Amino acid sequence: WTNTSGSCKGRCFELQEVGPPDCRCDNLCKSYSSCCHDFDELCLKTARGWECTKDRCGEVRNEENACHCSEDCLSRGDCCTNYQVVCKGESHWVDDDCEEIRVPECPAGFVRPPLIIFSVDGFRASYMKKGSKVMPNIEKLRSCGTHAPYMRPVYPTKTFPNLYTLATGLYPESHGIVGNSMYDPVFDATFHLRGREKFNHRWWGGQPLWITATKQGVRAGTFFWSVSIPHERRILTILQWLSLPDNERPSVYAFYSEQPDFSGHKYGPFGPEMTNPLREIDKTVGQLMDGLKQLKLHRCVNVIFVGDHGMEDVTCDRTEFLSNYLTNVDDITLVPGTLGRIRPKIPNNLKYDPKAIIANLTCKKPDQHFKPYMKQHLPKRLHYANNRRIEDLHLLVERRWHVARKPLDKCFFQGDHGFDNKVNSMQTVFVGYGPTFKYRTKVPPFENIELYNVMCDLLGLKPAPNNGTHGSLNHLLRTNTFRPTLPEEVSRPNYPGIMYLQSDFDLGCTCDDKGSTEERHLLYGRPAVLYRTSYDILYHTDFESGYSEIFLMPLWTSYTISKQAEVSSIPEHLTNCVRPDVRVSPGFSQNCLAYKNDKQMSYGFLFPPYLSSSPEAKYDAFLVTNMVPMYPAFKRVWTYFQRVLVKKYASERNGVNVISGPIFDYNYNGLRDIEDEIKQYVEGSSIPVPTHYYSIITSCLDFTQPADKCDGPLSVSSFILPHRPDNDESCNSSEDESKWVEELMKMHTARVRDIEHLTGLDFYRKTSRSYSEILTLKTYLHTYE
């Protein structure tokens, strides 16, 4: 119980959090039904509106007014934002020329620039194309400050997962807010957009920016605004807090707008009804900038104008129904819409057959507008699996479409979001303006998981452990850049020489018949191994590898293919050639007998014999130390990549450096598995089966320079292919590989950083580039939009 008969007099929007039985006056009181009886009348004043008029200039202060035009209002920090414009002949901030901020220009008592996070819900990246005619304030921030053409949100491209990702620097699978709605099987409770369940602390993991701030003695403003508090009041409150004494004043502030998301759902992103809501948000930005200018803070504060996700054209008519694919939809619960998550209606039903359900949802209609996946098979770039709240069965929905259980479940909407985070329509905005951000600078697109580290740096805070790559966004900043340190190598390699004779081996294999290796094939230095293990560096004419004695295969295989390289076929008599490696013991080698016995498992090679520099060098590609276990269905993908696509990339990019290898992620946590976690081996052997195969393809950004003679920045594209026993994911896989393999690889595009987490390897340790630039390169994701 709370005594609401108390009063908010002189307590409106107080920073001290009050709890029952005392009545609250803070912004959050509304969502706990604990505001004092007079909160609306004292704290949500609307009298005379939000703008000063000429007749109000120099007025005697009236406490009933929403905002003031009295001579004392600047010293009290509660002027209407246009006070100096109307009463003192000042210009609106938007009308001022763009002037470089070389150092913060703050009033006395400020020791560092405050940070204001201006969050806009559903602000699609392409809305910026409307320019100054629609949004002059936002356009000025964008062109005068630092901006990206777009920022990549996290999957699902929904509000609660993305806002909490912005606050923590974590993937939803780690922070726990995996959707706008979610069922936790341990709690046996459901989190919803509406209701009280979401207010329970048990759902919210990690460490949000406001907690990081308070734990390190930095004061934070609210990061939650009640829908009943109008935007003009949110801006005035922030300005009032910025006017508090030095010992009370917060260092970080957040503003939130439900728009343009609200109108986006009603009218779609291309709707003519979108113009007025965008003009209204721009007016709010204008009030904040004018408000800051009159308080002499417009060249003091850092402003981050950021969105949570974009908006797509989605209609009721474009809905796929599970009732058209499955006999009994009454036995299942579906999280529907722009994504699908399926689980049995009865939480632990033994009759629930996910295998039969997936089979009925796989390639059943030619233009099917969704694809089913067991969560561990989802593209690794989504990082959407390691949480009990994520159902095993997932449906990736095609952009512009919805999925529903049955038809029973005019249309209420014309727009929606939630789709795959690489989708153009889901892309959102990023603008950084102020003394710490760069002046009139465009930066390449980046992921929202990276902002938490930057916000910590802008506030002098040590970030909590997160999924960002600290230093990868250093190019956005004038100052407060993070000096990163190269991770120390944990395991030094062995460099084995010849220690065995051909006669020492009995592997059941048959075969009919250092130097400059490092310089040519290892262009960016040796990858470092960041965990404790036993491995060997093996040199060859055409490739170099880091061979694991534990996993009996390379952790990585590195090779360079020039633009002029010749592709050759494997001679008929060498098709089944596998040769013992005299540098590696029989006890630390794979064997052909295991592969022959295993009627479901074949083998591939990491360095392809097809790309050998000579028939003599080709024999090295058939070494037992270059072989890896591969399902025949996967070999169709792998062989096409090696025989066709590597040469294609070398020819188009002027040579390529390729690093390929296995990945073991049986527990789908996005991290390298330890031995005990491996759940599949080649029949009757200790040869582990990878869950995935990666490749990192590097070349010169300036393609007029060959990959092996690049003087400047690099260009990279990578992938993490699922090692599957079938090609059920690719509906057109019965056709030639030229019709589907590339499409599959593009879907499984990845960052070098994703591969580093999955392998415990550290790449690009020896380049002529700055470490900050290399960190940006590692976070790059090649999208095929």
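In this text, rigid core is short for the largest set of C-alphas that superpose within 1.5 Å between two forms. All residue numbers refer to positions in the sequence shown, first residue = 1.
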{"item": "Higher-deviation segment by CA RMS in 8 other deposited structures of this protein, core fitted, 72-80 or 255-263", "value": "72-80"}
{"item": "Higher C-alpha RMS shift from the shown form in 8 other deposited structures of this protein - 282-290 or 269-277, rigid core fit", "value": "269-277"}
{"item": "Entries skipping residue 409: at least a third of other ones", "value": "yes"}
{"item": "Deposited residues omitted from coordinates between residue 409 and residue 410, as a class", "value": "4 to 9"}
{"item": "Unmodelled deposited residues between residue 188 and residue 189, binned", "value": "none"}
{"item": "Stretch exceeding the other in mean C-alpha B-factor - 6-14, 772-780", "value": "6-14"}
{"item": "Stretch with the greater mean C-alpha B-factor as recorded in the entry, comparing 553-561 against 586-594", "value": "586-594"}
{"item": "Candidate residues 402, 514, 279, 653, the one whose C-alpha B factor the record puts highest", "value": "514"}
{"item": "Out of 542, 518, 173, 536, residue topping the C-alpha B-factor column of the entry", "value": "518"}
{"item": "For residue 719, the third of its chain into which the C-alpha B factor falls", "value": "lowest"}
{"item": "Record-listed C-alpha B factor of residue 466: chain third", "value": "lowest"}
{"item": "B-factor third for the C-alpha atom of residue 421 within its chain", "value": "lowest"}
{"item": "Third of the chain's Cα B-factor distribution that residue 130 belongs to, per the entry", "value": "highest"}
{"item": "Residue 648 CA temperature factor, ranked by third within the chain", "value": "middle"}
